[PDB]
Amino acid sequence: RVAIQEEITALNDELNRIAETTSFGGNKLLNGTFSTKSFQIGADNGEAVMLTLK
Amino acid sequence: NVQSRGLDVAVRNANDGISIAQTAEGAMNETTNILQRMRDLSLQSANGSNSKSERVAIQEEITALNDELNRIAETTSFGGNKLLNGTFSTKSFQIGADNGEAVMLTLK
Amino acid sequence: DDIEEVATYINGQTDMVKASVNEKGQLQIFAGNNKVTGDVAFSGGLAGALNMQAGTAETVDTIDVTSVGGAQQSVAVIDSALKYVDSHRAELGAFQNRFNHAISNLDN
Amino acid sequence: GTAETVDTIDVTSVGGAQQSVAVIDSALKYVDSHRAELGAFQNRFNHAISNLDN
Amino acid sequence: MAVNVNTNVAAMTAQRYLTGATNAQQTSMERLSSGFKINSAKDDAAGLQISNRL
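What counts as what
- Residues numbered from 1 in each chain as written, not as in the entry; some residues may be left out.
- Chains lettered and ligands numbered in written order.
- Part of a larger assembly, values for the part shown.
- Heavy atoms only, no water.
- Salt bridge = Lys/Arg side-chain N within 4 Å of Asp/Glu carboxyl O.
- Helix = DSSP H or I, 4+ residues; strand = E, 2+ residues; numbered from the N terminus.
- Buried < 20%, exposed > 50% of the residue type's maximum accessible area, 1.4 Å probe, protein only.
- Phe/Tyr/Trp six-rings, centres within 6.5 Å; stacked < 30°, edge-to-face > 60°.
- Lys NZ or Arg CZ within 6 Å of the ring centre and 35° of its normal.
- Axes fitted to C-alpha atoms, helices over the stretch in contact; angles between N-to-C directions.
- Parallel < 35°, antiparallel > 145°, perpendicular 65-115°, else oblique.
- Left-handed = near helix turned anticlockwise from the far one by under 90°.
- Contact = heavy atoms within 4.5 Å.
- Nonpolar A, V, L, I, M, F, W, Y, C, P; charged D, E, K, R; others polar.
- Core = buried A, V, L, I, M, F, W, Y, C linked by side-chain atoms within 4.5 Å.

## Considerations on the pattern of salt bridges
Now for step 1: Counting across every chain of the model gives 8 salt bridges over all chains.
Now for step 2: Across the salt bridge formed by A:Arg17 and A:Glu14, the nearest N and O atoms sit 3.0 Å from each other. Residue A:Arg17 and its partner A:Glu14 are both found in helix α1 (residues 2–21); the two are separated by 3 residues, about one turn of the helix.
Now for step 3: A relative accessible area of 43% means that A:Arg17 is categorised as partly exposed.
Now for step 4: A relative accessible area of 33% means that A:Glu14 is categorised as partly exposed.
Now for step 5: Ionic pairing is found between B:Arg71 and B:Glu68, a salt bridge with its closest N-O pair at 2.9 Å. Here B:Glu68 and B:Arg71 lie together in helix α2 (residues 52–75), a separation of 3 residues that amounts to about one turn. For the residue pair B:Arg71 and B:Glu68, the accessibility class agrees, reading buried in each case.
Now for step 6: The structure contains a network of salt bridges with shared partners spanning B:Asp67, B:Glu68, B:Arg71 and D:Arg44.

## Here's the deal with the environment of C:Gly55
Now for step 1: Residue position: C:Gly55 is located in the loop between α2 (45–50) and α3 (68–107).
Now for step 2: Note: C-alpha distance between C:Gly55 and C:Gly38 (17 residues apart in sequence) is 9.8 Å.

## Comments concerning the packing of aromatic side chains
Now for step 1: As enumerated under the stated definition, the model contains 4 aromatic pairs over all chains in all.
Now for step 2: Centre to centre, the rings of C:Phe95 and C:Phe99 are 4.2 Å apart; their planes meet at 35°, and the pair counts as tilted. With C:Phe95 and C:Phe99 both in helix α3 and 4 residues apart, the pair spans about one turn of that helix.
Now for step 3: A relative accessible area of 46% places C:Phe99 in the partly exposed class.
Now for step 4: Every member of this aromatic cluster is reached through a ring pair, and the members are A:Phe39, D:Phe41 and D:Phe45.
Now for step 5: One residue, A:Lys37, lies across the ring of A:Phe34, its end atom 4.2 Å from the ring centre.

## Here's the deal with unusual backbone geometry
Residues and elements named next belong to chain C.
Now for step 1: The phi angle at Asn51 is positive, at roughly 60°, despite the residue not being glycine.
Now for step 2: Inspection of the secondary structure puts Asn51 in the loop between α2 and α3.
Now for step 3: On the basis of relative accessibility, which here comes to 51%, the residue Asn51 falls in the exposed class.

## So, the packing of α2(B) against helix α1 (residues 3–13) of chain C
Now for step 1: Relative to each other, α2(B) and α1(C) sit at 30°, their axes nearing to 9 Å. The angle between α2(B) and α1(C) places the two elements in the roughly parallel class. Read as a crossing pair, α2(B) and α1(C) show a hand that is left-handed. Residues B:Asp67, B:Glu74 and B:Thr75 of α2(B) form the contact with α1(C), whose participating residues are C:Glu5, C:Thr8, C:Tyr9, C:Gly12 and C:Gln13.
Now for step 2: Per-class residue counts for the contact of α2(B) with α1(C) are 1 nonpolar, 4 polar and 3 charged.

## Observations regarding the nonpolar core
Residue and element names in this part refer to chain B.
Now for step 1: By size, the foremost hydrophobic cluster in this structure holds 16 residues, and its most contacted members are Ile20, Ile34, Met38, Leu83 and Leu107.
Now for step 2: Within the residue set of this core, elements represented by two or more residues are α1 (2–45) and α2.
Now for step 3: For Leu83, the contacting residues outside a window of four places in its chain are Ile20, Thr23, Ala24, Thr76, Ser77, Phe78, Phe88, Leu107 and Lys108.

## Description of the arrangement of the chains
Now for step 1: When the 6 pairs of chains in contact are ranked by number of contacts, first place goes to chains A and D.
Now for step 2: Of all C-alpha pairs spanning chain C and chain E, none lies closer than 11 Å, and the two are not in contact.
Now for step 3: As for chain E relative to chain D, no contact occurs, and the smallest C-alpha gap between them is 19 Å.

## Some remarks on the packing of α1(B) against helix α1 (residues 14–53) of chain D
Now for step 1: Running from amino to carboxyl end, α1(B) crosses α1(D) at an angle of 160°, the nearest separation of the two axes being 9 Å. The orientation of α1(B) relative to α1(D) falls into the category roughly antiparallel. As for how α1(B) packs across α1(D), the hand of that crossing is right-handed. Mapping the contact onto sequence places B:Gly26, B:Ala27, B:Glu30 and B:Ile34 in α1(B) and D:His47, D:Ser50 and D:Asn51 in α1(D).
Now for step 2: Considered class by class, the residues forming the contact of α1(B) with α1(D) number 2 nonpolar, 4 polar and 1 charged.

Everything listed here is a matter of coordinates, which is why it stays silent on function.
As structure tokens, then:
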């Protein structure tokens with residue numbers, strides 16, 4: 001059980017690393033700093049779509 | 001000469017009307033594609049093998065597609081003149097060399 | 001509807017004002033100086049919920065895009081500027097046409 | 001009631017591992033729901049790209 | 001205008017549009033040979049920055 005817990009701790013640290021290092025050119029995504037962001041997909045202003053990353 | 005110039009203007013106007021109809025119908029084609037995807041999702045969700053979570057996921061996708069339908073309805077415009085949001089009521093396109101030779105086009 | 005769908009709906013319903021949303025979720029409304037004279041008064045339940053603030057005079061010289069809301073407002077500012085420039089170009093073209101007709105008449 | 005998360009699981013005991021099973025199940029459901037949301041977002045943006053191109 | 005020999009405004013119009021077309025052709029040829037849409041910041045500065053970061 002201690003060995004399995006050590007492996008689980010390693011996987012937990014890997015999960016935290018994935019959450020904290022994934023980025024789009026340096027813009028972090030899955031750590032919570034990325035929040036509701038509006039993407040402008042129209043030819044006129046005010047035609048954006050909201051995307052949230054948790 | 002007046003008649004020929006008016007006929008040139010009439011061809012211009014008819015081409016503009018065809019352009020407006022083309023843009024509106026392309027937007028409607030995308031709307032039809034989204035509606036067919038929504039119908040497939042609804043057919044998939046109606047099956048009793050899914051639990052509540054799969055229904056929730058399919059409903060999330062359907063909500064996204066519904067919002068896309070509303071976006072297409074509210075943003076499709078011809079130079080800034082909205083077409084499928086309901087504000088584009090009947091418009092008379094003048095396709096004659098003389099006045100009073102217009103044809104009504106409605107966009108729903 | 002969320003705030004961006006509200007802005008899109010406002011854009012679709014009317015052309016007098018242009019609505020957008022900044023980074024903080026606040027709704028921005030731009031009234032072009034070639035389309036609106038004086039201040040714009042906001043009323044209704046949604047206006048009370050949003051609590052729109054006073055008007056700031058924006059021009060092309062004062063636009064910035066370091067924020068998303070700044071870019072959204074600057075798009076409408078540039079649209080108004082383009083409408084103004086096109087209007088003065090049309091005036092100049094009418095002037096040139098009139099002067100060409102005058103030259104022909106003076107020649108004859 | 002005590003608030004448990006994936007970062008705070010400890011399987012060195014049988015009851016601990018039994019609880020971590022449920023914790024990981026809930027975490028998997030949450031991740032799957034966020035993946036479904038992102039997939040719906042991608043499909044909506046693909047439809048938007050097709051309309052805009054037309 | 002009139003019928004004169006010292007100034008040829010139509011020739012100037014043709015030269016201006018010919019140089020414009022030549023510049024467009026040169027830009028297209030550069031983009032085709034290089035295989036990159038952005039070869040300089042004069043094409044898209046922000047696009048160049050984000051592509052460099054990526």
